[PDB]
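Letters A, B, ... are given to chains in the order of the sequence lines, protein chains preceding strands, and every chain is numbered from 1. Hydrogens, waters and symmetry mates play no part in the numbers below; they use all other heavy atoms, side chains included.
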Amino acid sequence: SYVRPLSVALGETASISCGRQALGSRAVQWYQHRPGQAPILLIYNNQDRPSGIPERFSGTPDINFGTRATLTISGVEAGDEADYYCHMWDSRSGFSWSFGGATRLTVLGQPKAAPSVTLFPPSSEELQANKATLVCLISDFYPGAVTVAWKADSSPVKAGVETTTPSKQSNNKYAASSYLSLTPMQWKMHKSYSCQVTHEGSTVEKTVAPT
Amino acid sequence: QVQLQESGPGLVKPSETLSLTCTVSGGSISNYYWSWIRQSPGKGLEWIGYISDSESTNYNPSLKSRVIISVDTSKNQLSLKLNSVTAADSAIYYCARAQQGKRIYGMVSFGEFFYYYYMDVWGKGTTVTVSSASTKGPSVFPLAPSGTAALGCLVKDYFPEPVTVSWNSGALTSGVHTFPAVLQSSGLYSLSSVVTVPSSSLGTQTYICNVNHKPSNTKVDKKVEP
Amino acid sequence: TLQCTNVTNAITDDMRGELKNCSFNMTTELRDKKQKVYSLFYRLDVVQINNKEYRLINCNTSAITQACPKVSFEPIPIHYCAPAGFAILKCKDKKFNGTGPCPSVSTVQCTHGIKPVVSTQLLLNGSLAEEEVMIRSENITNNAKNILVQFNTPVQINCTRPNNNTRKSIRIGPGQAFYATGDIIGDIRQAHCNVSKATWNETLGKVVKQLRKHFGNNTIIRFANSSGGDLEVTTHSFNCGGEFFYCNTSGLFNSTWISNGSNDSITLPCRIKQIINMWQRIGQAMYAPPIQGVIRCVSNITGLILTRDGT
Amino acid sequence: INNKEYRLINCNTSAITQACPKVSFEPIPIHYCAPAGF
Ligand SMILES: *[C@@H]1O[C@H](CO)[C@@H](O[C@@H]2O[C@H](CO)[C@@H](O[C@@H]3O[C@H](CO[C@H]4O[C@H](CO[C@H]5O[C@H](CO)[C@@H](O)[C@H](O)[C@@H]5O[C@H]5O[C@H](CO)[C@@H](O)[C@H](O)[C@@H]5O)[C@@H](O)[C@H](O[C@H]5O[C@H](CO)[C@@H](O)[C@H](O)[C@@H]5O)[C@@H]4O)[C@@H](O)[C@H](O[C@H]4O[C@H](CO)[C@@H](O)[C@H](O)[C@@H]4O[C@H]4O[C@H](CO)[C@@H](O)[C@H](O)[C@@H]4O[C@H]4O[C@H](CO)[C@@H](O)[C@H](O)[C@@H]4O)[C@@H]3O)[C@H](O)[C@H]2NC(C)=O)[C@H](O)[C@H]1NC(C)=O
Ligand SMILES: *[C@@H]1O[C@H](CO)[C@@H](O[C@@H]2O[C@H](CO)[C@@H](O[C@@H]3O[C@H](CO)[C@@H](O)[C@H](O)[C@@H]3O)[C@H](O)[C@H]2NC(C)=O)[C@H](O)[C@H]1NC(C)=O
Ligand SMILES: *[C@@H]1O[C@H](CO)[C@@H](O[C@@H]2O[C@H](CO)[C@@H](O[C@@H]3O[C@H](CO)[C@@H](O)[C@H](O)[C@@H]3O)[C@H](O)[C@H]2NC(C)=O)[C@H](O)[C@H]1NC(C)=O
Ligand SMILES: COc1ccnc2[nH]cc(C(=O)C(=O)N3CCN(C(=O)c4ccccc4)C[C@H]3C)c12
Ligand SMILES: *[C@@H]1O[C@H](CO)[C@@H](O[C@@H]2O[C@H](CO)[C@@H](O)[C@H](O)[C@H]2NC(C)=O)[C@H](O)[C@H]1NC(C)=O
Ligand SMILES: *[C@@H]1O[C@H](CO)[C@@H](O[C@@H]2O[C@H](CO)[C@@H](O)[C@H](O)[C@H]2NC(C)=O)[C@H](O)[C@H]1NC(C)=O
Ligand SMILES: *[C@@H]1O[C@H](CO)[C@@H](O)[C@H](O)[C@H]1NC(C)=O
Ligand SMILES: *[C@@H]1O[C@H](CO)[C@@H](O)[C@H](O)[C@H]1NC(C)=O
Ligand SMILES: *[C@@H]1O[C@H](CO)[C@@H](O)[C@H](O)[C@H]1NC(C)=O
Ligand SMILES: *[C@@H]1O[C@H](CO)[C@@H](O)[C@H](O)[C@H]1NC(C)=O
Ligand SMILES: *[C@@H]1O[C@H](CO)[C@@H](O)[C@H](O)[C@H]1NC(C)=O
Ligand SMILES: *[C@@H]1O[C@H](CO)[C@@H](O)[C@H](O)[C@H]1NC(C)=O
Ligand SMILES: *[C@@H]1O[C@H](CO)[C@@H](O)[C@H](O)[C@H]1NC(C)=O
Ligand SMILES: *[C@@H]1O[C@H](CO)[C@@H](O)[C@H](O)[C@H]1NC(C)=O
Ligand SMILES: *[C@@H]1O[C@H](CO)[C@@H](O)[C@H](O)[C@H]1NC(C)=O
């Protein structure tokens, strides 16, 4: 389904409106979901929340008809970044098979974090297999967006390189990989190889050579 | 007290019956509702169906014509059978316990109520890929190292996702960092795990890298040393 | 010709047809230009054609005239008076049968306040006897004469149409406006009435005691529900807040009494009509306009209209 | 109506009745009188 983006500043209070408004008395469930992970039922009955969920997650009760279903997250932290689903059940419409749209919450104002570049040379076993791979591993950066540049000696290398799109680590920073594949003769016939990782305004380099 | 764990083939050929299972630990299976949910890349959470405590079934009309949910009360296992799979059927398949809620707005004598279901405890997920391409175990290579230092383990050219990696058969846990894979143009994923250990530990704390790739039943080990 | 569909609430089986969502082509303020409009209609106000086509219930028997929505259907006490040179005599006998020599008599210029309440089976908001509970027919030994009972204690009844309706005006002609039912805000529930189960059992017993004096201290008398007829007479039909309810009363007359609850109440499922027919005439029918909001009226049952079959 | 189409001014608010053309609109002096005893 489509995704509706929402942005909340770090520490503020998030007001996530439900995708479909109720025609009658309702029973709305709120789910938290970060892709690549099992969803977390935040609130089941309009305002009832299960155990293990802080009081900062709140839903609106069905007292008088007219009030919309809104999930309220107070004191928003970087961990609150996920997709939030509104499972809407009411007396007029049928059986709620669909979970609905998806509010993509992003928390603004997080501290900027600089990468941790680490470059490895081709292992001897791989070189023994008539192949060779340079792996450039970038981690612990925020905002999650980098740019990698491979250079053979000083000339730039653009063929044979694969790079991961950033992925949020468990500590709310981002990590990326980059693999340069070259023949074992290209690895020997050059003096050194470099991985230049540019993040935000700056660029950082790690170099490795066959010694 | 109650935990769920999925299990699947990882890779299934197109136009073939997919099959998954889910195991309940701590609680029983014949006294709760259970739902199957999946999530494709780019597509949201999709409710597939559910089964009752009386083992009554009900499928999403989205895929009603080709889904069969079951249950084996002998050991708290419930299964899922989706046939005629296509490329769009590949996703993470979750398994969850559904709790029935009876919302009442009028008179229960006149049926002025409706039932809603909510999943309160999920599994972890089983990745499933639909592809004519064959399986292939990975090649593992040691990334020898040089305040502290960093060594690693290179897992290249496998299919399909995923691959689990532990260090020292599970003993080494602090400072481990396994990186998301990379889909090269060849069509095979290449991974990389890296731990940051104290420099003096080089002599001679052995570092065993445990690679596992179930869709090929090809586990391997390798040691790193300067 | 009406094109109708069921309106929402995939509710209990065969209660979705009880109200319908009907669209039709209607005249406008311009005689040559049609309009497609829609209105919500109760099931009792339409009939099929045999597809999902419908027509108003009255179209083959009567003309129809909608009530001017500013006039109140709420009964106001009327006092009947006699011209000068005449007089009204009142029988002050507290155990008066309705016929025969009344020993206590007074004269009045005008009768007491009488509300023109038209109800069926159960008499609403009427006057109460002071002792016991009288029973009046002209030939009680005749089963074809209706028995008129009159309570001394008021057994209360609460009725409601919980659905929050909306009225939508529709210009069907220059100066003419048809008031349609817009939609329902909130839930779609069932209109009904409550009467305390405790009081209705006690009051239904006092009727039994006085019925005995005409049929024997030993005989067994039984209450059963209506045995057919038009809808107005097979139900406790009445008007509440502007709507015309039609309440099933099988829960009120389902009791057998021998020769010689306390917490909850009994509920009466009522249906609702808008196109109500004239009672002793044909060709004339009235459309009661839709009442907006939630409806609830509170009244007392002060009498009944029973009928014997001839145990 | 918004072309050169038109409608009578009253069509959206009122019904209309044309005066019987034989009745005179010319005011005639009226005398108001009180009943006997007034
Ligand atoms: C004529 O006669 C007629 C016949 O008598 C009569 O009809 C009656 O009409 C009234 C109103 O028109 C009807 O009243 C409604 O009743 C609903 C049901 O209420 C009962 O059930 C609930 C829930 O029960 C479950 O949970 C409790 C624990 O909480 C358990 O103990 C139960 O066993 C049960 O749980 C098990 O069972 C489930 C299935 O069976 C399982 O799924 C579950 O897992 C468990 O196994 C009880 O909580 C109620 O208790 C309350 O009332 C009693 C009196 O009965 C009091 O002691 C006390 O006040 C209790 O609080 C009750 O027993 C109500 O839910 C309904 O009210 C809701 O709906 C309306 C409109 O939809 C809302 O406007 C209103 O605000 C209510 O919404 C709240 O609750 C819902 C549901 O949880 C929430 O989703 C919502 O967000 C909102 O929550 C907020 O308020 C809550 C409290 O209000 C609070 O908890 C929240 O935290 C939040 O703040 C409505 O009142 C009545 O049913 C009719 N009668 C019959 C027989 O049907 C008519 O009126 C008469 N008069 C006339 C016609 O004039
Ligand atoms: C009774 O039936 C009529 C049809 O004759 C229903 O009217 C239609 O209702 C739908 C659903 O609300 C309307 O579509 C909606 O339009 C809005 C505004 O663009 C849009 O935001 C929604 O996503 C949806 O598409 C439709 O316009 C409307 N048509 C007319 C002519 O009114 C009516 O809802 C039914 N009422 C009940 C109580 O069942
Ligand atoms: C029997 O008599 C009682 C009272 O004599 C009637 O109750 C009356 O019912 C009407 C309509 O149901 C009430 O009018 C309403 O008032 C409320 C509040 O002001 C307003 O929101 C509504 O729009 C409407 O105007 C009236 O107040 C109420 N009177 C009393 C004293 O409660 C009852 O309807 C009678 N029963 C029958 C069958 O006629
Ligand atoms: C529908 O009636 C009419 C329609 C059109 N032109 C009419 N000209 C006189 C009418 C009578 O007065 C009448 O026949 N009526 C019916 C009974 N009635 C009620 O209030 C009532 C109706 C249904 C259920 C319970 C009570 C009093 C009155 C409205 C009459
Ligand atoms: C019936 O529905 C109407 C609207 O269809 C409700 O009217 C609203 O009442 C609230 C009062 O809290 C006002 O703030 C709104 O402005 C009103 N809206 C409109 C459109 O008038 C009315 O409250 C409902 N009645 C019941 C008993 O729920
Ligand atoms: C009908 O409704 C009336 C009022 O809605 C009920 O009378 C109320 O009874 C309670 C008893 O606890 C009193 O506290 C209130 O003061 C009463 N209200 C009025 C306006 O008198 C009555 O009980 C209801 N009866 C039934 C059978 O439903
Ligand atoms: C309305 O619902 C009833 C009950 O489900 C069904 O029998 C009937 O055919 C329906 N009518 C229309 C017009 O959908
Ligand atoms: C209104 O008339 C048209 C013909 O011009 C017809 O097709 C349509 O079905 C009519 N509308 C309804 C609700 O019957
Ligand atoms: C009018 O039509 C209804 C359809 O149910 C029918 O029962 C009734 O007898 C008809 N009335 C006349 C006078 O033919
Ligand atoms: C009504 O009561 C009077 C009391 O004297 C009695 O004479 C008369 O027969 C009674 N009529 C009926 C029909 O019971
Ligand atoms: C009353 O009816 C019975 C038969 O039903 C009859 O024999 C008797 O004469 C009637 N009484 C009067 C006063 O007409
Ligand atoms: C019937 O019983 C009552 C007592 O409840 C008594 O007063 C009356 O005389 C009795 N009548 C007959 C005919 O037995
Ligand atoms: C009277 O009760 C019987 C019992 O089922 C029912 O079949 C019949 O429809 C009822 N009549 C009325 C008018 O409610
Ligand atoms: C009246 O209610 C009884 C049960 O309460 C039901 O069997 C009967 O069918 C109802 N009458 C009508 C006309 O529906
Ligand atoms: C009738 O139409 C005229 C067009 O000029 C408009 O000004 C007027 O408000 C309308 N009347 C009503 C009651 O809508």
Evaluate B/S192 against A/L137 for side chain to side chain contact (heavy atoms under 4.5 Å, CB included), listing each step before the verdict. CA-CA 9 Å; B/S192 185; A/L137 303 185; 3.4 Å; yes
Could you give me the CA-CA distance, side-chain angles and deciding distance for A/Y174 and A/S139, then say whether side chain to side chain contact (heavy atoms under 4.5 Å, CB included) is met? CA-CA 6 Å; A/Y174 289 82; A/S139 61; over 6 Å; no
Show your working on ring-ring contact (aromatic ring centres under 6.0 Å, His included) between B/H177 and B/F179 and close with a plain yes or no. CA-CA 6 Å; B/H177 195 333; B/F179 283 69; 4.0 Å; yes
Quick one, A/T203 with A/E205, criterion side chain to side chain contact (heavy atoms under 4.5 Å, CB included). Give me CA distance, side-chain angles, the key distance, then yes/no. CA-CA 7 Å; A/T203 89; A/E205 169 178 345; over 6 Å; no
Kindly determine whether B/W47 and A/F95 satisfy ring-ring contact (aromatic ring centres under 6.0 Å, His included), including the steps that lead there. CA-CA 12 Å; B/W47 192 6; A/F95 189 80; 5.3 Å; yes
Would you sort out whether B/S65 and B/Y59 count as a side chain to side chain contact (heavy atoms under 4.5 Å, CB included), showing the intermediate values? CA-CA 9 Å; B/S65 48; B/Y59 310 137; over 6 Å; no
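Side-chain atoms of B/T135 come within 3.5 Å of backbone N or O of B/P215 as a donor-acceptor pair. Using a distance-only test at 3.5 Å, with no hydrogens or angles considered, no donor-acceptor pair links the side chain of A/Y179 to the main chain of A/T164. Judged by distance alone, the side chain of B/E6 and the main-chain N or O of B/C95 form a donor-acceptor pair under 3.5 Å. Formation of a donor-acceptor pair under 3.5 Å by the B/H213 side chain with backbone atoms of B/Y158 is not found in this model. A side-chain donor-acceptor contact under 3.5 Å links B/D89 to the backbone of B/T86. The closest donor-acceptor contact from the side chain of B/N60 to the backbone of B/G49 lies at 3.5 Å or more, if one exists at all. For A/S192 (side chain) and A/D153 (main-chain N/O), no donor-acceptor pair under 3.5 Å exists by modelled atom type. Distance alone, capped at 3.5 Å, is enough to place a donor-acceptor pair between the A/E126 side chain and the A/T133 backbone. Checked by atom type and distance alone, the side chain of B/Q77 never pairs as donor or acceptor with a backbone atom of B/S74 at under 3.5 Å. B/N168 contributes a side-chain N or O that, together with a main-chain N or O of B/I208, makes up a donor-acceptor pair within less than 3.5 Å.
Checked for salt-bridge contact, A/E81 and A/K168 meet the test: a charged N lies under 4.0 Å from a carboxylate O. Salt bridge status for B/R38 with B/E46: present, with a side-chain N to carboxylate O gap under 4.0 Å. Using a 4.0 Å cut-off between a side-chain N of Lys or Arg and a carboxylate O of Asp or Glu, B/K219 and B/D221 qualify as a salt bridge. Ion pairing of B/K136 with B/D157 is absent here, as no side-chain N (NZ or NE/NH1/NH2) approaches a carboxylate O to less than 4.0 Å. Using a 4.0 Å cut-off between charged side-chain N and carboxylate O, A/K131 and A/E125 make no salt bridge. Ion pairing of A/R34 with A/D80 is absent here, as no side-chain N (NZ or NE/NH1/NH2) approaches a carboxylate O to less than 4.0 Å.
Shown here is A/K206, whose NZ atom has no more than 12 heavy atoms of other residues, nucleotides or ligands within 6.0 Å. Counting heavy-atom neighbours within 6.0 Å of A/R4 CZ, excluding the residue itself, gives a total of 12 or less. Heavy atoms from other residues, nucleotides or ligands lying under 6.0 Å from NZ of A/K158 number 12 at most.
Among all heavy-atom pairs drawn from A/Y193 and A/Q186, the shortest one is OH-O, 3.6 Å. Counting all heavy atoms, side chain and backbone alike, A/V117 lies closest to A/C136 at CG1-SG, 3.6 Å.
Residues B/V211 and B/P138 meet the side-chain proximity criterion, which asks for heavy atoms closer than 4.5 Å. Here the side chains of B/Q100 and B/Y33 are in contact, with some heavy-atom distance below 4.5 Å. For the pair B/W36/B/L78, a side-chain contact is recorded, criterion being any heavy-atom separation below 4.5 Å from C-beta on. Using a 4.5 Å cut-off on side-chain heavy atoms (C-beta onward), B/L151 and B/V197 make contact. Residues B/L191 and B/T178 have side chains in contact (heavy-atom distance under 4.5 Å, counting atoms from C-beta outward). Within the 4.5 Å cutoff, side-chain heavy atoms of A/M88 are placed close to those of A/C18. Residues A/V8 and A/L105 have side chains in contact (heavy-atom distance under 4.5 Å, counting atoms from C-beta outward). Side-chain contact check for A/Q37 versus A/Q32: every heavy-atom pair is 4.5 Å or farther apart.
The aromatic rings of A/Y85 and A/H33 lie perpendicular to each other, with more than 60° between the two planes, well past the 30° mark.
For the atom pair B/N212 CG and B/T218 OG1, the distance stands at 7.5 Å (nearest 0.5 Å).
Remark: of the listed residues A/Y31, A/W89, A/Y84, A/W30, A/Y31 is the sole one forming a ring-ring contact (aromatic ring centres under 6.0 Å, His included) with A/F99.
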